[PDB]
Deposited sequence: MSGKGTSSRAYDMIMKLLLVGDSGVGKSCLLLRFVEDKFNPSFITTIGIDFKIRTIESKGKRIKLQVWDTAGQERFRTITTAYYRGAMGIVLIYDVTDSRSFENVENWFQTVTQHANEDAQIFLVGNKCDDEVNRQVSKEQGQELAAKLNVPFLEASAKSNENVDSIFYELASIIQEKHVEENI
């Protein structure tokens, strides 16, 4: 059977939070500059070719490529639970994404590096607090331990499958 849906997922976050590692762990299942990588999944019996982008780091200074944020059905806002300054910069990310992404794009907050408990600077409850203020889902994940990594994109694909628009005519 051919693919039933194609979903363009966009990874955003400060440099060093684990964006390319989360991308490598989801598609290639490994652990340890503009490109996108694909992985085929099933969601409610439908074959969906996921399109995961890692394009936030190579943008020009004080510019945004507004075409990359368009068409993106899902945006994964990633921060480092071991870096409280990356968690405090989520407000800047959420403001830029919502301004340039479209109204039907779904935002998913993710606290990466949930395995590094020795260096944890942001609680799991702090991430659940910020996510419920921005009205977005939340998950703590780790590209190292593969914890909740699949559930990030599978849950986001399930929301897009429920929310994506198919306008008449």
| item | value |
| --- | --- |
| Regions left out of the model, expressed as runs of the deposited sequence counted from 1 | 1-8, 41-47 |
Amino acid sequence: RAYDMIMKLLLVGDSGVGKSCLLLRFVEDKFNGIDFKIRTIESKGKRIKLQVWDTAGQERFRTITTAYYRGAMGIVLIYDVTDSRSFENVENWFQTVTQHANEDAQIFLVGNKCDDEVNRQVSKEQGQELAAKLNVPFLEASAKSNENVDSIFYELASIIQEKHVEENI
From here on, numbers count along this sequence of modelled residues.
item: Segment of higher mean CA temperature factor, 51-59 or 36-44; value: 51-59
item: Segment of higher mean CA temperature factor, 66-74 or 134-142; value: 66-74
item: Which of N112, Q128, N102, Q121 ranks first by CA B-factor in the deposited coordinates; value: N102
item: Assigned third (lowest, middle, highest) for the C-alpha B factor of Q161; value: highest
item: Position of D83 among the chain's modelled residues by C-alpha B-factor, lowest, middle or highest third; value: lowest
